[PDB]
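Working notes, beginning with the structure itself.
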RNA sequence: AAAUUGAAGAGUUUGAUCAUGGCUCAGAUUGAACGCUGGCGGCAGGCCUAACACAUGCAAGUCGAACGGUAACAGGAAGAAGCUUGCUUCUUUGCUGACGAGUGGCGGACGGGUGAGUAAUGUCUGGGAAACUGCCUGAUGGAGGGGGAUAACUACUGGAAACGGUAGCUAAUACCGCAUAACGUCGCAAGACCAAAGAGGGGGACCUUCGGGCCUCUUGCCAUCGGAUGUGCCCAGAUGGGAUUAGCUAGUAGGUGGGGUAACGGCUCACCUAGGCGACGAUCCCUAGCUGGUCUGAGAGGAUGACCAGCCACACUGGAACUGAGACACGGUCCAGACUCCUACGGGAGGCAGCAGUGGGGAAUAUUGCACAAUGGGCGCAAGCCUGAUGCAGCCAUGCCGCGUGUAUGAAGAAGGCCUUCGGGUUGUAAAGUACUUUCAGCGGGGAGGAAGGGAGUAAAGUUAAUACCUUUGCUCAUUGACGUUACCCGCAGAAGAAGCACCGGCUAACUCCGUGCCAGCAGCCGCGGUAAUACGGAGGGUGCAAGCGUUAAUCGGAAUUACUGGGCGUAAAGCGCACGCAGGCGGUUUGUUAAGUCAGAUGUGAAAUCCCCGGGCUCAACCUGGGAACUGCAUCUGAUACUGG
Ligand SMILES: C=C1NC(=O)[C@@H](CC)NC(=O)CNC(=O)[C@H](Cc2c[nH]c3cccc(OC)c23)NC(=O)[C@H](Cc2c[nH]c3ccccc23)NC(=O)c2csc(n2)[C@@H](C)NC(=O)CN(C)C1=O
Ligand SMILES: Nc1nc2c(ncn2[C@@H]2O[C@H](COP(=O)(O)OP(=O)(O)O)[C@@H](O)[C@H]2O)c(=O)[nH]1
Ligand SMILES: [Mg+2]
Ligand SMILES: [Mg+2]
Ligand SMILES: [Mg+2]
Ligand SMILES: [Mg+2]
Ligand SMILES: [Mg+2]
Ligand SMILES: [Mg+2]
Ligand SMILES: [Mg+2]
Ligand SMILES: [Mg+2]
Ligand SMILES: [Mg+2]
Ligand SMILES: [Mg+2]
Ligand SMILES: [Mg+2]
Ligand SMILES: [Mg+2]
Ligand SMILES: [Mg+2]
Ligand SMILES: [Mg+2]
Ligand SMILES: [Mg+2]
Ligand SMILES: [Mg+2]
Ligand SMILES: [Mg+2]
Ligand SMILES: [Mg+2]
Ligand SMILES: [Mg+2]
Ligand SMILES: [Mg+2]
Ligand SMILES: [Mg+2]
Ligand SMILES: [Mg+2]
Ligand SMILES: [Mg+2]
Ligand SMILES: [Mg+2]
Ligand SMILES: [Mg+2]
C-alpha cells in the first residue's frame, strides 16, 4: 500500500523535480532529469490527450505518495463538496498529515513524514496519531513526542525546511519542534506547475 | 490439557495370516475379551490381561486382508503398527501367503509374535507347526505354551515358562484363568522345552547366560524381561497356541503382546528430510513436546459422519482447531471433529495424545500417504513404497451416460488405494485399468455397481500395431494433375522406399533430399514430406502408424504455372500407395521383454507357460531365492498372465514388464488383425 | 410430541375437547327444542321451551363455550320467530 | 443559511468520401466463481443450485406465593441410641428449606427459518363499516353459599418397546349447580335471564371448635363501560408477459326468507328474476413472493428485490378439525400418502425451509464453538429458571476501509543482466556501504468501557390499629463481563517477519533483442504469424493497479441502437393495391352554466433504516449516529375558471 521502488524514476517519468529526494544535493547531479527511465528514455514520443491527462494524475499521486483507490476517494469527496472540484481535491491532499508534517519541516520528505507520522511520533492537539491520511482541521497543533525529540533526523530536516521556501499557512517553532495549522491553502500558494483541470476530466470520462 | 494416557502401557498390534486362517474370528474374540475386561479398521481397546495383573493396556487391533491382491493394505497397517501378531493355521501350517506377509514386515524391522489357531480341527500338531515355521521363516520359535490334547481331546494349553496347564472353564470363554499342574503325560515334553526357553532367553540378554552357565535357576521375571528385550531387537518369533472357535488361546496371545511385543516408545523412531531441499536426517523422537507428526492412511467414508481418515501419531499432540500442513501437498488444513473408535461405539475426542490412532472428520486434503506435519513444515516422513499392478483389464461403461459416473467413481477408488490406477487408452480411447491382483479388480467392479451404482463390462485391452514394409521397393512414380478450367495444379514426383532397421533410426522415418540438382524448385520439398507423413500415420494395410520406413526423393516434375505445394503433397501420398502395396508390409506387435522370478521347484512350469505364449526366452538367472527368467512374450498374447502365473508357482512369483521392440507378426496373428 | 409441555397440552386439549363437546351439544339441543316448537306452531309450547334454554345460552356464553354475540343472536331471532307466529 | 451545481467518445463496411446500420471497446456494480499471489487490523457479508435426503447434540419452558404430595438432597427431632473420651441419633415422620413425577395457570399463535405456491383472495397507496381483542390501563360494583369428580398415590395385571388397562382413595385459583342481577344480553315495553377463586406477608386485644377465627397490607378472581395494542372484513387506484389465448360464467349475477360467523357478505340453503365479466383484454397459457429499497443513468428510465425493516404464504406431501384471546398451529393432535428407522416380528417411531453439522447437487458459500454479562422475550411477587433470539468467538482477501512491507545518505555510475552504429547507453541512488527508525507482527508487564441493576443492613416517608409486614426514596457494605491473554498504554530486540498480478500493434498508458517461420500460437474489435514479428514464446526495459491483480459470468451505461424526455419510413429497414366505414383518437366559432380534467391554498398521510445536507463519536477512514431535507405520491376540504370536457 506504499511505493518501495526507486524514487527518481517517478521524477524522471514526468520530467520534473518531484521532491522525493531530501534535496541536500542537486537533483541534476544525482540523476539525469531530461531522460525518461528505461532503455528508450532517449526518445520522447508524441503523447496523446489521454496520455497527458494520465501523466498529470500520476504526477499528483507521486508527489503526495497516495495510491489510486485513496486518490479516487479524494476526488469523489472533492466533487461532493461545494465549490470547485480541482482545488477542493488539492485542498484534501494538503490536509493529510504527511504533507503537513513534511511542509512544516519535521520530515525532510513525505517518507520521513510517513515514518514520523506512522511511528506514533506525531501528536495532534496532544493526541498520538499514526495514520498518514488523517485530515488536519484548522487550528490544530502538531508536536513531536518527547521520546522522538532526541533523534538526529528530525533536527536535520529543520535546516532543509529553511533551505526551501517556507509555507505561509504553517507556523513552526523549531525551538521546541512544533507547528500550527492556521488554515488551508487557497491554491494561490501552491505551485502552478500542477494543472488540476486535467484531473477532473480524467475521472469524469 | 493433561495427556492422561499411560504412556508405554498402550500397544499397537496387527493381526496377519493366510486367507481363511481365522484372523477375523480371533480378532472378534479379542474385542469381546477386552470389553468384558473393562467391566483393517482401527480398533483400540484397553486390555488388562487374562489374570488382569497388568494395568489395562490400550491395545489397538488392526486386522489385515490375507488375500494377495490386498498386499498394500496389509503393508499400510504393518508400518503404522509397531507390533504384529502373526496367525498360523494348525492344520495347514505355514502357507504361501503367510511366508509372503512375513518378509515385508522384516523389511520394516517390525517385531512379530505368532499365534497358532484352529487346534480343534482334527489333524493338527503345534510342534509340527513350530518346526514348519522355523524351516519356512528361518527363525527359531520358542514355544511360549505347549498345547495339551488334540482335536476333540484338546482341552487347553500349558504355559511353558510359567509351567501351568491352565484350564479355562467350559461355561464361558474367559471367566476362569485357573492355573493347574502340567498333565503327567505332557510334563516330559514340557521339561525339555523349559530348559530350551531358558537358554534362548539367556543369549538375548547375554548377562542371563552367565547365570545360566552357573546353573542358577533363573527367576521367571528376569528371563521374561530378556525375552521382551529380544522382541524389541526383533529376533525371536514368539509363538503361542489355541483354538479361537473353542475360545482357548486368544487371551494367552493378548497377554504376551502386552509383556513382550514392544510399545511405540520402544520401537526405533522414524526419520525423514527436515526440508525438501536437503536430506536433513532428524529422527524425531516419540515425544509429545516434539512437533506433532502423523501419517494418514485408509481414507474412507460414512454417509452421515462424512469422510473417515486414519492417522498414526508418532510425536506431538495435535489439538482441535490446529492447522496442519500436508508435506506432500505443501498445504495446511484444520482438524475438526477428531474421533476415535472403541469398536463397539464411536466416542468423540477434542484432541489425540501421541501414540494413539483416531479419525479426522471433514479433512478434505487428507488422503492416503499424506504426511500430516505441523504448519511450520517440519521433517517430512518417509513414503511407503507402492507395488506396481500385475493384471490389467479394460473396463467399458455399459452406456455412454454411465461414462461420466464411471470416470468419477474410479478416481475416488484410486484415492483410497494408491496401487489401483486407471488411465484412458491413447488410441481407441479405452478406459484401461490395472490392479494389484485379479481378485482386487473383481472387488473393484463389484463395489462400483453397488456403492456407485455403475455397471461396466470388462474386456481385454485392444492392442495397437505399427504395420511396416518388408522388401525395398524403388523407382515408384506418382504424378498429380488437376488441369481443369480456371486454375490447374500439376506436380509429379518419383521417390524410393526402403525399410529402416529399428535400431538405425529412433524416429523410424527419414527424408534425405537426395534430389540431384534442382529437380524440384525446393519450395515443394516440405510439402512432399508432409504428404508422406500423413500417409505414414494412416496405415494402408490396416490403419496403423507405419514405422521404420526410409524414403529419399530423387526425381520429380512440375508445370511452370501449375506448380503447387498441395499438388506435390497429394502426389507424394499417391507414390506411397503403390510403393507400400508392392513391398507387402507386415504388421508389428509390441514384443516386450519380461522378467519373471519364481521358486526353483516351479522353474519348469514357468518355462512352459512362457513358451506357450509364443515368447522366445533369452536368459536364465540362477538367483539364490529362485530362478530369474527373461522372455520377449508378445504383449497381445500376454493378458491375464499374472493370475495364470500364480497357480503354477503356488502364488509365490511376480514379473516386471518393459516394452522392448515391435516385431513381425506371425501369419495367423497378422491376418486376424487385418480382418 | 417431542416437548414435555406439548404432551401435557395434548392431554388437556383432548379432555377439554370432550368436556366442551358435551356442553355444546347440551346447549345446542335446547335451541332445537324451541325451533321444533316453532314449526309445531304452539306459542305456549315455544315460550316454555324458550325460557328453558334462555339461561343456558347465557351461561355458556359467560363461561367461555361461545360468544355472547352468538348467544344474543340465537335468542334474538328466536323471539323474532315467536312473535311472527303470534 | 445546506440539502442532486448535471450529459465525452473510439474501432470496424470503401481505392477514398458521406450517410445508414449492426458488432466491439473505454465506466460503474456483484451474495460472485476460477487462475497467480498473499502481512495486519476495523466493519460488513457468506448454499444464488436440490422447498433434495437427513446421523447426532441443542433451539420453550416456567410457576411451591394455585393443589395434593415426598420419589431426591440438606436441615430438624421421638428412641433401643446402627452406638462410646456421646464422631455420630442410618427405624420414623412434610416439621423446614427445597423439589422428581402429577393436577392446575400462563407461555407454546412470540422469537427463528424458507420463498414452494401466489398475477392478485397477495403487496403498495388512500379510504371505509358490519367486528373481535389474552396480557397491559381507567372507572363503576361484586366476590354469598354448596356439590360431585379426577389424576398423582395403593393394590393387581398386559407389553420387547411404545405405552397402557382394572378396581380403590385424595385435593385445588380444576369442574358443576343454587344465591346475587346492572349502565350487561333479548324484547319496544312489560318483563325474563347471565358470573366469580382464592393465595401470600405480618400482628395488638379478644374468642378458642387451642386448627384457628380475627385485624390490616399486597396480589389474584367476576361483571360492565372505555383506552391502547393486535387481528378479522370492505372499497378504489396501482402492481409482469402472451390474441399464434375471444369468448367466460349456473351459487353463476341479483332479490326474499331461514340458517351460519366475533362481524358484513351466496358465507350457506330453499324459492324468485335472468342476469354477471369481457377488446379499458374477461377466460386460458407461461413466469413470478410484494414493498421501503439496491445497481446503473445527467434525467427520464432499464435491471433487480441478497443483507436490514414492513407485509404475505408455507412447515415431508394432501386434507381436516381440536384447544385457545389469538392456530386450522415449524420442534401440537387426527387421517391418508411417499420415504426412512427400531423390533423379541406381536407391533411401534419419525419429519433440520431453527442453530451447528453430514450426504448429495453445484463453478461456488463457514463452527457438530462460548455466554445469558448486555438488549429483548416467556414464566414467576421476586429471587431466579429458560432463551442456537441476541451478544460474542471461530473459518473464508467475499467486499469496503486504514496501515505496513522501512528512512535519509550513497558513484562516474561496482559486479551481473540487457541493448550497442564496440564508442557507449540502460537497469541505476537502484544495490552494497554509512547513519537512522521500530508503525504493524513477536516477547514481557500494566490496564479502560460495554455495568444498568439485583442482594443484605439501616434511616426516612407512606400505611394501618402498627412499633409489625409491604411499598417509595436515599444512605453503608460485599459482589455481578461470555468477549478477554479486550481495545489501549508501556518495555524489549533487531531491518530484522512482510510484493505480487496484468499489460506494452491501434482502440489505450507503456519497446527493443533472441527464438520461431501461415508452424507453434495470439486475439474484446480490427486482425497478427509463410525469415528485421514493437501483435506468437522467452529475456531486458517500461506501464497500470497493488495485498491484491487478472479472466469469466451477470446488470445498467455509452446505445438518440424501441427515441415519453429523444428516432425514422422517395432511393439505406420501413406508406396497407385502393376505398368505405363501426369502436376509438381528434375537432371551427360566440354566449351562458357546470367544475370532470387543469391550477392555487390548507389538512391528514407518505414507518424506520437507506440516498442527500449540516453536525457528533470510534486516533483517521470505512462504520455508527443527532437534526434536517427529501419521499411533491395519495386522499379530503376550500377556492380560480383562461384552456380542455360536460
Ligand atoms: C509402451 C506403451 N505405453 C503404456 O503401456 C503406458 C500406458 C499408460 N503404460 C506404461 O508404460 C506402464 N504400465 C502401466 O501404466 C499400467 C500399470 C503398470 C505399471 N507397471 C506395470 C508392470 C506390469 C504390468 C502393469 O499393468 C498391469 C504395470 N499397466 C499397463 O498399462 C498394461 C501393461 C503395460 C503395457 N506397456 C507397459 C510398459 C511398461 C510396464 C507395463 C506395461 N498395458 C496393457 O496390458 C495393454 C495391452 S494392449 C494396450 N495396453 C494398448 C494401450 N497399447 C499398447 O500397449 C502399446 N504400447 C507399446 C504402449 O501402450
Ligand atoms: N474349527 C475351528 N475353526 C476356526 C477357528 N478360527 C477360525 N475358524 C474358522 O475359520 C473360518 C474363517 O475365519 P476368519 O476369521 O474369517 O479368517 P479370514 O477369512 O482370513 O479373515 C471361519 O469360518 C471359522 O469358523 C478355530 O479355532 N477352530
Ligand atoms: Mg486496501
Ligand atoms: Mg477380515
Ligand atoms: Mg485351506
Ligand atoms: Mg435455498
Ligand atoms: Mg415464492
Ligand atoms: Mg376457574
Ligand atoms: Mg345464577
Ligand atoms: Mg362458586
Ligand atoms: Mg340471500
Ligand atoms: Mg416461484
Ligand atoms: Mg442516457
Ligand atoms: Mg375455541
Ligand atoms: Mg407450534
Ligand atoms: Mg424442526
Ligand atoms: Mg441448518
Ligand atoms: Mg460436488
Ligand atoms: Mg434446554
Ligand atoms: Mg436507452
Ligand atoms: Mg434510426
Ligand atoms: Mg433495394
Ligand atoms: Mg426500401
Ligand atoms: Mg401508395
Ligand atoms: Mg373547441
Ligand atoms: Mg376540479
Ligand atoms: Mg422514510
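Chains as they are written, first to last, in PDB author numbering: chain d, 2 to 206; chain w, 1 to 39, 65 to 700; chain t, 2 to 87.
The beta carbon of each residue, even a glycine, is placed where N, CA and C say it ideally should be.
Between the CA atoms of residue j and residue i - distance to the nearest angstrom
i, j, result
"residue 405(w)", "residue 9(w)", "27 Å"
"residue 688(w)", "residue 664(w)", "18 Å"
"residue 40(w)", "residue 483(w)", "No coordinates are present for residue 40(w), because the numbering of chain w runs from 39 directly to 65."
"residue 291(w)", "residue 673(w)", "42 Å"
"residue 769(w)", "residue 504(w)", "Since the first residue shown for chain w is 1 and the last is 700, residue 769(w) is missing from the structure and cannot be characterised."
"residue 627(w)", "residue 619(w)", "17 Å"
"residue 196(w)", "residue 269(w)", "15 Å"
"residue 193(w)", "residue 181(w)", "7 Å"
"residue 532(w)", "residue 523(w)", "15 Å"
"residue 199(d)", "residue 81(d)", "18 Å"
Residue span of the alpha helix (DSSP H) that contains residue i, given as start and end
i, result
"residue 629(w)", "628-637"
"residue 69(t)", "69-86"
Identity of the residues DSSP links to residue i by a beta bridge
i, result
"residue 273(w)", "268(w)"
"residue 32(d)", "Answer is none; residue 32(d) lacks a bridge partner."
"residue 382(w)", "337(w)"
"residue 42(w)", "This structure gives no coordinates for residue 42(w). The numbering of chain w moves from 39 immediately to 65."
Close beta carbons around residue i, own chain, < 6 Å, minus the five adjacent residues each side
i, result
"residue 33(d)", "none"
Residues of its chain near residue i, where Cβ-Cβ distance is below 8 Å and the 5 sequence neighbours each way are ignored
i, result
"residue 33(w)", "72, 198, 199, 275, 276 and 279"
"residue 538(w)", "550, 577 and 578"
"residue 530(w)", "573 and 575"
"residue 569(w)", "489, 490, 491, 492 and 612"
For residue j and residue i, believed in contact at Cβ under 8 Å, the rounded distance
i, j, result
"residue 20(d)", "residue 110(d)", "6 Å"
"residue 57(w)", "residue 608(w)", "Since chain w is numbered 39 and then 65, with no step between, residue 57(w) has no place in the structure shown."
"residue 18(w)", "residue 157(w)", "No, residue 18(w) and residue 157(w) are not in contact; Cβ-Cβ is about 13 Å, not under 8 Å."
"residue 296(w)", "residue 315(w)", "That pair is no contact at about 13 Å."
"residue 97(w)", "residue 14(w)", "Contact doesn't hold; Cβ gap of about 14 Å is too wide."
"residue 256(w)", "residue 110(w)", "The pair is not a contact, with the Cβ atoms about 12 Å apart (cut-off 8 Å)."
"residue 133(d)", "residue 115(d)", "6 Å"
Same chain only: Cβ atoms within 7 Å of residue i, ignoring 5 sequence neighbours per side
i, result
"residue 154(w)", "113, 115, 118 and 141"
Bounding residues of the beta strand (DSSP E) (the contiguous stretch that carries residue i)
i, result
"residue 75(d)", "Element bounds for residue 75(d): not the beta strand (DSSP E) but the alpha helix (DSSP H), 69-81."
"residue 128(d)", "128-130"
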